[PDB]
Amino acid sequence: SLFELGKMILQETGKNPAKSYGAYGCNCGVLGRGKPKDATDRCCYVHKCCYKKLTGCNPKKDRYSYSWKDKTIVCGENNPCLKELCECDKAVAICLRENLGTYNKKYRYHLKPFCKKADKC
């Protein structure tokens, strides 16, 4: 759920997730997708497309277990849907950290309604 997602982002990046990524660009955080602005935003585009394959579970509210083991995110067993959910979230947290070099503060609080429409996943 959002609680696990946010924790993973903090562990990987060292940054407060709500603040750095809760409204970044056209795809990170609240709302749906749009044309990416940069590589951090493209990480969040892939992540939202990752959620589209999740069958019956709720990406926003279902909790799942994972542990931070030798500084790596390891998705616990859980059920089929929660496992894929955890795997979506781990991959966006790693991608956000990988692209910290190009993170741009000007997109931090982006006006999402003016984004160009996104391509189909």
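Start at 1 with the first residue shown and count on from there.
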- [ ] Return whichever of 47 to 55 and 83 to 91 has the greater mean Cα B factor according to the PDB record.
- [x] 47 to 55
- [ ] Using only the Cα atoms and their B-factors as the entry lists them, report which of 19 to 27 and 105 to 113 averages higher.
- [x] 105 to 113
Open item on the list: Sorting by Cα B-factor within the chain, modelled residues only, which third would residue 70 end up in: lowest, middle or highest?
Closed with: middle
TODO: Check where residue 61 lands among this chain's C-alpha B-factors and tell me if it's the lowest, middle or highest third.
DONE: highest
- [ ] Relative to the other modelled residues of the same chain, rank the CA B-factor of residue 8 and answer lowest, middle or highest third.
- [x] lowest
- [ ] Would you mind ranking residue 37 by its C-alpha B-factor against the rest of the chain and naming the third, lowest, middle or highest?
- [x] middle
